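**Q** so I've got this experimental structure, pasted below with the sequence.
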Amino acid sequence: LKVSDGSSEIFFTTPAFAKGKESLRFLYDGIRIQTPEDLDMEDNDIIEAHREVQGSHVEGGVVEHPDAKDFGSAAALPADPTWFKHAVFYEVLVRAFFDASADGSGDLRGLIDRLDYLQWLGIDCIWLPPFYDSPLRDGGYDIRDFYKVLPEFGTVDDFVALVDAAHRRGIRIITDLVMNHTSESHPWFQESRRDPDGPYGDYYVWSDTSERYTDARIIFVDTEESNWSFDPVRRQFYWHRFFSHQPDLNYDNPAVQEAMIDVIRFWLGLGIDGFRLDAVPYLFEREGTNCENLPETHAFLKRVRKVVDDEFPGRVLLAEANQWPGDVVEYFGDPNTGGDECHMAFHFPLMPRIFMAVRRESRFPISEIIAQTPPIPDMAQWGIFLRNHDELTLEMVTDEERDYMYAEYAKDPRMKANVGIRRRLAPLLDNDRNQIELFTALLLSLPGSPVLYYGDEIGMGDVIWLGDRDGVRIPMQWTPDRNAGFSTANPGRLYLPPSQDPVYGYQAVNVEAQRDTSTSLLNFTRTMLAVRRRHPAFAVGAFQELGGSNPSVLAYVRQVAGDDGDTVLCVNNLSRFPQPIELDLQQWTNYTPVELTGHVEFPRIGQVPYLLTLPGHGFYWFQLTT
Amino acid sequence: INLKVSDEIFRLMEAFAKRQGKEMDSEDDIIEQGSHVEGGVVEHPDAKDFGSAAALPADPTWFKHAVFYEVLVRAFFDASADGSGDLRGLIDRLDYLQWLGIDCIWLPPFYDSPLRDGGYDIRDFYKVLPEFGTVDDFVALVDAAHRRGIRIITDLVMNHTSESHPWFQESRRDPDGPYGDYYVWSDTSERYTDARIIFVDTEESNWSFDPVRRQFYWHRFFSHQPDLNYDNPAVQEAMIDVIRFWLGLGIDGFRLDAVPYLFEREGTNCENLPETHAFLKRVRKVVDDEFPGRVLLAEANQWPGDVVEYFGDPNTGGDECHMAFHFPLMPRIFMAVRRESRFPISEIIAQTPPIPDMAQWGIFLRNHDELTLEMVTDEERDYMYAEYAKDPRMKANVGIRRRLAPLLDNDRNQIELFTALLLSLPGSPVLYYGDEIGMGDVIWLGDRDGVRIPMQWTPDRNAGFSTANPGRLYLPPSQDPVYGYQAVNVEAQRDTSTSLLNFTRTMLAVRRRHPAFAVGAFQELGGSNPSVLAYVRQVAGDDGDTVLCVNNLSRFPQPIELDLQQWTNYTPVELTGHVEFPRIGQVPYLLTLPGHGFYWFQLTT
Amino acid sequence: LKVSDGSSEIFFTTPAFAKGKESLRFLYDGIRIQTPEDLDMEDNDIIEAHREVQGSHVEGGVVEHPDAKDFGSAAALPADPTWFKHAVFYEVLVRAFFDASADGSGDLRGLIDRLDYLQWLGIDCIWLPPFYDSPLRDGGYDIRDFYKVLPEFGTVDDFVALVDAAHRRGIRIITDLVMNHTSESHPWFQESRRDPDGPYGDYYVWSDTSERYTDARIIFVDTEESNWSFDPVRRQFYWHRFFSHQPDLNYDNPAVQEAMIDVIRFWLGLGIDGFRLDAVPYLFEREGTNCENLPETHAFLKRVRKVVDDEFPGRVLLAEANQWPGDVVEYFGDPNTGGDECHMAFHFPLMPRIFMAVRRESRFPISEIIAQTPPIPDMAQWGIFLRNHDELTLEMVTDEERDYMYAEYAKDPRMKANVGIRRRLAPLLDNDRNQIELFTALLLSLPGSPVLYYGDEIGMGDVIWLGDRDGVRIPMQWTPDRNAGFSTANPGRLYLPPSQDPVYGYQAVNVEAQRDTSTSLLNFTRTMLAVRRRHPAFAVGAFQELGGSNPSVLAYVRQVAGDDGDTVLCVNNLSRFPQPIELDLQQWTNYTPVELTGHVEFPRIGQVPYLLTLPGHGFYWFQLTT
Ligand SMILES: [Ca+2]
Ligand SMILES: [Ca+2]
Ligand SMILES: [Ca+2]
Ligand SMILES: [Ca+2]
């Protein structure tokens, strides 16, 4: 008799295969069995082994959804409305970290088991890309059910257990949430194309003609030909700002707005602490405009921010906005209010300038965007991560008018080749350890809350051939064991093969090998993460670029405002050669720099230009004491 | 000063050129033709515009006596050192194919294309994709292949073009122009509603609204693949001129793709229309009149019985396609092994319709085709219809093109058994590149791209396929611990005599010495054991080639008593070892076989 | 029909296997063949494929040897009796570099093909471990024939071609040569145990008792029990200072001395430029002494040095001597003579102190041995290589009386574990790129001629399980191809398997990958090799350790004596943390340091302590101009 599941097979009056699972369902010739003569079983027959309240339900023409009271109440933390400024974020796919169910795909159940590593690393909050139920036609960003987590990951109660356990250690949880669109398979859309006179008939934008909203540009110009697609059911055009399978929400309907914010109370009611809003420059669409950054779109964001500010105190709202600095600051809100919209916006053109600066060996590309950066509300924080494109529209922020480097990125072969490809830090810097430590020093010292991608802390690579976005979404390399220790299942049943690259593969780089070795990149990242934790000037301090005699090196002091305030000095060399520089630190005369990693005392600053020397791509961190 | 040279090294141009394995030309920091539209006419080159390739002596039956080798040009060999397989690289590796013992090479589409659908979206019918080479490089290919007895056929999508085709750009821009009616256009979507959607999960309608022409165009496949109005007489002559072009260069034939969807009529399913066969009958006419001795193959994801008429009228001996493909073959062979019974194979043969005399079936070892990704099955005529879902392996590899070795868990015995059937059963066999050395599949990079991984030649860098940086490779060679190039490759397999490659070559060389495997009659022999499938391939006439093939489908040793009194007093000679077995009398001949084993015998006088 | 050679098999009135060889001999059933019916060949028979003036000949009781005039005359270089001071040596096994014969073992024939890489790297002379005919019972150090090169490597004419081609590019050739002993299989020994009254009966030390020379210690105390072994033929004890199969030469016989120096004229007459003398503290043995460093042993070395000085001008003589500095200086000769013995002696305890210094993060372990080092003749040069033990007796130089670190090496786990094991630089430093660049900066700047082991320039590792000495003797990793591009033959027929280690293997590190990448260790070594070439103060300059305010960093100036002399400054940090140091460079007031790799100009030195800053394990190289 054969017993099979697809990848693993075992041959055997009597009434072993389960023994790394308990939980499995067995059938024979399409018959759910619980002795062979009873079932007319003959030689060389086959038994199959398949896996075994959970989901919004459409009843009488109405899509019902459960409430947060139907599930367990997760314990929250002492409310600190300014935690997101001191936080270090860790973006990671649930699919890619750990597989506890041994089903080939990383699940929530694996995430709780790996929380000891993330605390040991020194992160303060985990950022989860969308994991709700979806057909996975656009990387989980085409939500099919807001109230149902993807079954391949787990159940909602597993999410409550994660928020609980991550909270017991002092770590928070945020997630993406697509605002502009849902998937075709969402019940709201299926009701619109079938019951126009029903309650969900105007939940989406419908028009008898395509010559409407013509001034808006097509984001995915290589795949889609128009933001209007002819639905075969309703016999009408529906508005999709991304792909055809992603119809845009009609926020012109107030029930849509009330439904979307209701989903926001649902997860906040469960215990989550934050949200990154995806595709928010496209909520509202009006004729004659580009259907982007409209004032009513910002008005809805203001309403959401209060709903949280009132009902869910101490939460955080982030904004994914592929816009040049000066246009994203609008999504912080009105400056006089001190923050009436998203608490955080991401400074996208940061590394695109940092990358070009170290290749041009000059600080000017970085000093420019910092001065050009507008001020933000005091209770707000810029979001700085080490990537060039956003994980929704693989495009880089640029401005023909306000970016002097606009025509210079294409003059870089590394930039011109990795266009539209999201890559990890190590392959972006050709695995140069000196540069990896340099880019990490900048990200952990520049004004704003840093975001770390999973795997960049040990030097993981990417399989770009697997996708321009999925290539960076490879399983986390834990051990040099099978499946990189990420799953104890068959390799052919995994969601994606762990990288077997000769230099970036799990056999060569993983947490186990780096953990058991000093001078490992993992220990470097953890050391800097612990150093930065002991100094709030790295999170809420004021930025001041200092006078230098050498533009090849970027130097700046971050000082916590007030007497006896935390004052650190960061010096970063962008040249591949040793460079000297005299510093204009006369503002801190009689201050004594103390290097942070080694606690080594350096000469006391005075009134003469302070002389430092750095190697190729080196950096220094001093504490300014008195 | 110091200088970086990148595509990284810190004279400079030459020194960088030599280290990259490329030619130089190929005070005064970093250092980094087909068809043409002439107003409103899309002019295309002619067959006389290039040199003529040397052809082979006219054989009106070679397609029957042939073993085909499907190879994606992007995957065999890279000579331009650009990371992708080109034409130029293929001609170098003709020595391996001639040594392997194939007869002709089948090439997936290589035309200029934006590669939005595996090169099946043709942007220009008269320009080879620049990464693959140029039209002049094909002439050298067809020439070089022919100087050694090897022929060339390629895919040719018939039903649709790419959206980027100049015919479609003039159709949506100049509706009153000469190309404005080269495609099907509609003002409503409620037309041809009785036709089913092929890609039901990707597309929601076979009509699509162009923003320029503000009209609905017909596409049987993808939105970038608009169907062609074959009711337009100029479309036909333009397409048969495309056929005239390559045949004038020297190609030995084509496979016509998506042909059951050419014409369209309201009230029908827009499939297998009489005008579609009437058109193909005219294409036959023009190839037999102008280029005698060429072959037309019909891609048809249809059930045997719904494909036989694509051969044409049997009275004429075949006035349409010379070849239709017998698709449900291995799905029954695969089921037969899991059933340890010969009924899944013996039943399809007992219900396969006749074919014209100058026709031939096409057999390949795959469960799904390359255009779509569906497994053919008929609720009425397939008695295994529902039992495929009762197989976890079949259920897992659904819509997934997978090679032979992963399908059979790399079981050497099973691979030899499937190879023996493919090379002995009636029909011209097709070998996918990699099945000869037991290559593996990557899967994760595409349902159809998983089998399109680079040819694993040597255990050197890039599997000996390219001399370029692995980053510039179009697809990385498989580094699987069992299926990788370090484990399986042409270099190692050629050495060890017990290798699969030496096995397949031995079968190819043995089959070449016996035409009964190609044009002989088929006669299943009654066996007392249903686990064993034994058949005879006999050539009509005295002293005709008569071979006996016995195949065991159980994983255990099995005996079999056979009915060979029609061949009394003969002597079975095994082909691989030329060992003489006892002469057959009036007794049921007894044979014993290992698990998943097979014997080939030659009944001689 | 089968055609086989052992690892590769091919099955086939007719009269392919040769096609990557021409050259092969074929036999069938022990019959040298040049049609099967002629030879009674049947089905399933087998044909074997075997490989096809060269050797000293023992005639009438006398071991005759050829002369240098019987072979081709290799062109020499313009005589420069001081080239060995400016030279950078590259020790490499012929067996391990390249296999041109495709026989599984690296040959001389491969060495000429790879000479373009060694010039491109920037070496000045190649050092070849012993390659004469030998039974390979002790790593080729048990010479069986001085006049016959090992056939597995090639012929003598292949050695003349190598000396020719290496000379056309400006590179020289030296080799080891065992002085104290030969192998049992040497014809001189076989004549001694068989014909005592013959000419070779007193070529070795024979005694009827073992109670002679009792005060000498046993080197290989773990394998041998006595330096006396009872020969079964002569029925007498013969003296072996190493292993039993290595009987010591009897230099008390003057014909032995004349024969040994004759071998020296043989290779120098061919065209070689140098010799490292192996086991020279054991030539002469006298009763009551330790049979080591005896004055008559030094007297023989003096005689040899002249024989070269007179007949072979411009050659070089090196001395392998596991002795503390102060005892090895004796092998330079009498200081007043200016050099009457070996031109070079190797400073063994260099890195043993350098290793302990960077682990103790203090310059004192290095500053001590330098001051304790005695002066040497002006026309002499210390030999500095990066290893801890010598490749003959896997032991480390130490002195209970004159080594203050004597009892401290065992207190280091890395040292205590790698005892008796010769390891490469990268595994010795845990593949820390910063430390590898630091140890290389010291070796390329300290007083003396540097010696580089093959593979350490790209970061190769070792397979210590293959042998305590053979583990470092793995094939050179050229390409990620089969056999690391070292041989185009079967992997099972290779002499040793190329390292497939996940981090040190050829797939991960090889010359091809490093050559095509900036910031690669190969390019670093080549850059430093080209920088040092443009500055003779790195070879013949005077050493002066400078006054420093921080013992964590080693600083020294190397100046070519005279006006406008070459003056470089090397600063080397031994701490894993950033460290500042004020330099006492008042001797070079108004001198301007110019960093060598980047040509960056640093502040002009004056009368105030000069301040520099370094990172963890960093180093700087400045040129002192005026
Ligand atoms: Ca919208
Ligand atoms: Ca190419
Ligand atoms: Ca059509
Ligand atoms: Ca001696």
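**A** Cool, got the structure. Numbers count the residues shown, from 1 in each chain, chains lettered A, B, ... in the order given. Ligands and ions are numbered 1, 2, ... in the order given.
**Q** for the stretch 201-350 of chain A, what spans make up the helices?
**A** Listed in chain order, the helices of the stretch 201-350 of chain A (DSSP state H, counting those that start in this stretch) span A:254-270, A:295-311, A:350-360.
**Q** what of chain A?
**A** A:83-86, A:108-113, A:115-121, A:156-168, A:187-194, A:254-270, A:295-311, A:350-360, A:364-372, A:413-417, A:425-428, A:433-443, A:511-515, A:521-533 (DSSP state H).
**Q** select, out of those helices, the one closest to ligand 3.
**A** The closest of the helices of chain A to ligand 3 is helix A:187-194. By CB to the ion, the value is 27.3 Å. For every residue, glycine as well, the C-beta is placed using N, CA and C.
**Q** is any residue of that closest one near chain B?
**A** No - contact of helix A:187-194 with chain B (CB under 8 Å from any CB of the partner chain) is absent, the minimum separation being 10.1 Å.
**Q** hmm, residue A:494 is touching residue A:106, no?
**A** No - judged on CB atoms under 8 Å, residue A:494 makes no contact with residue A:106 at a distance of 9.4 Å.
**Q** looking at those two, which is more packed in?
**A** residue A:106 (28 against 21; other CB atoms under 10 Å in any protein chain shown).
**Q** so what's the residue of chain A at minimum distance from ligand 2 up against?
**A** Ligand 2 sits closest to residue A:465 of chain A, with a gap of 17.3 Å, by CB to the ion. Contact analysis of residue A:465 by CB atoms under 8 Å, 6 or more residues apart in numbering or on different chains lists A:471, B:445, B:475-476.
**Q** one step back: name the residues contacting each of residue A:494 and residue A:106.
**A** Joint contacts of residue A:494 and residue A:106 (CB under 8 Å, 6+ apart) are A:99, A:475, A:487.
**Q** so which of these is the closest to ligand 4?
**A** residue A:475 (63.3 Å).
**Q** and the closest one, what does it touch?
**A** A:96, A:106, A:483-484, A:486-487, A:494-498.
**Q** which non-adjacent residue is nearest it?
**A** Sequence neighbours aside, residue A:486 is the residue nearest to residue A:475 in space, at 4.3 Å (criterion: CB to CB, 6 or more residues apart in numbering or on different chains).
**Q** with residue A:564 instead?
**A** Nearest to residue A:564 is residue A:626, by CB to CB, 6+ apart, at 7.8 Å.
**Q** do the same with residue A:318
**A** Residue A:318's closest residue in space is residue A:276 (CB to CB, 6+ apart), at 3.9 Å.
**Q** what about that neighbour, how many neighbours?
**A** Neighbour tally, residue A:276, other CB under 10 Å: 26.
**Q** my read: it touches residue A:127, true?
**A** Yes - here residue A:276 reaches residue A:127: they are 7.0 Å apart, a contact under CB under 8 Å.
**Q** gap between the residue nearest to residue A:318 and ligand 1?
**A** 17 Å (CB to the ion, to the nearest Å).
**Q** also residue A:165?
**A** In terms of CB to the ion, residue A:165 sits 36 Å off from ligand 1.
**Q** for that residue, give me its contacts.
**A** Taking CB under 8 Å, 6+ apart, we find residue A:165 in contact with A:112, A:115.
**Q** same thing but at 10 Å, please
**A** Residues near residue A:165 by CB atoms under 10 Å, 6 or more residues apart in numbering or on different chains: A:74, A:111-113, A:115-116, A:171.
**Q** then residue A:589?
**A** Contact analysis of residue A:589 by CB under 10 Å, 6+ apart lists A:604-608, A:610.
**Q** returning to that earlier point: wait, the residue nearest to residue A:475 touches residue A:110, no?
**A** Yes - if you go by CB atoms under 10 Å, residue A:486 and residue A:110 touch, sitting 8.0 Å apart.
**Q** what is in contact with those two at once?
**A** A:96-99, A:476.
**Q** ok, and which of those residues reach chain B?
**A** With the criterion set as CB under 10 Å from any CB of the partner chain, no member of the shared contacts of residue A:486 and residue A:110 is near chain B.
**Q** so who does residue A:572 touch?
**A** Applying CB under 10 Å, 6+ apart to residue A:572 gives the contacts A:354, A:357-358, A:363, A:366, A:438-439, A:441-442, A:445-446, A:553-556, A:614, A:617-621.
**Q** hmm, 6 Å instead?
**A** Counting by CB atoms under 6 Å, 6 or more residues apart in numbering or on different chains, residue A:572 touches A:554, A:619.
**Q** what are the ranges of the strands in the stretch 101-250 of chain A?
**A** For the stretch 101-250 of chain A, the strands defined by DSSP state E, counting those that start in this stretch cover A:125-128, A:132-133, A:145-149, A:172-178, A:206-207, A:228-231, A:236-239.
**Q** and what of the stretch 351-500 of chain A?
**A** According to DSSP E, counting those that start in this stretch, the strands that the stretch 351-500 of chain A contains are A:381-385, A:449-453.
**Q** tell me which parts of the stretch 451-600 of chain A are close to chain B?
**A** A:465-466, A:496-497, A:500 (CB under 6 Å from any CB of the partner chain).
**Q** ok, those vs chain B, which is closest?
**A** residue A:500 (4.7 Å; CB to the nearest CB).
**Q** what's the burial count for that closest one?
**A** 18.
**Q** what does residue A:560 give?
**A** Neighbour number of residue A:560 under other CB under 10 Å is 17.
**Q** what's the nearest residue to it if we skip its chain neighbours?
**A** residue A:566 (3.9 Å).
**Q** near chain C, which residues of the stretch 501-626 of chain A are found?
**A** A:502-503, A:507-508, A:519, A:577-580, A:595, A:597-598, A:600, A:602, A:611-613, A:615, A:618, A:620.
**Q** ok, now chain A?
**A** A:432-433, A:502-503, A:507-508, A:519, A:577-580, A:595, A:597-598, A:600, A:602, A:611-613, A:615, A:618, A:620.
**Q** surely residue A:373 meets residue A:324?
**A** No - using CB atoms under 6 Å, residue A:373 is not in contact with residue A:324, being 10.1 Å away.
**Q** re earlier: report the entries of the residues of chain A next to chain C that also contact ligand 4.
**A** Filtering these for proximity to ligand 4 by CB under 5 Å from the ion leaves nothing.
**Q** contacts for stretch A:562-569 next, please.
**A** With CB under 6 Å, 6+ apart as the criterion, stretch A:562-569 contacts A:535-537, A:557-560, A:622-624.
**Q** and it, what's buried?
**A** For stretch A:562-569, the buried set under the neighbour-count rule, 16 or more other CB atoms under 10 Å in any protein chain shown, comprises A:566-569.
**Q** just stretch A:413-429 next, same as before
**A** A:413-415, A:418, A:421-429.
**Q** ends of stretch A:566-586, how far apart?
**A** End-to-end distance for stretch A:566-586, by CA to CA, to the nearest Å: 18 Å.
**Q** residues of it that come out buried?
**A** A:566-581, A:583, A:585.
**Q** starting at the chain centroid, how far to that stretch?
**A** 31 Å (CA atoms, centre = their mean, to the nearest Å).
**Q** got the contact list for stretch A:254-270?
**A** A:68, A:146, A:160, A:203, A:249-251, A:304, A:307, A:312, A:315.
**Q** using CSV, write out every CA atom in it.
**A** C-alpha atoms of stretch A:254-270 as CSV (Å, rounded to 0.1, in the frame of the first residue of the first chain):
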residue,chain,number,x,y,z
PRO,A,254,-19.1,57.3,3.0
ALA,A,255,-20.0,53.7,3.8
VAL,A,256,-16.7,52.6,2.1
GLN,A,257,-14.8,55.0,4.4
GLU,A,258,-16.7,53.8,7.5
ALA,A,259,-16.0,50.2,6.5
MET,A,260,-12.3,50.8,5.9
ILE,A,261,-11.8,52.5,9.3
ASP,A,262,-13.9,49.7,10.8
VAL,A,263,-11.2,47.3,9.7
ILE,A,264,-8.7,49.6,11.4
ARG,A,265,-10.6,49.3,14.7
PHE,A,266,-10.7,45.5,14.2
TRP,A,267,-6.9,44.9,14.3
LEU,A,268,-6.3,47.7,16.8
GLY,A,269,-9.0,46.1,18.9
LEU,A,270,-7.1,42.9,18.7
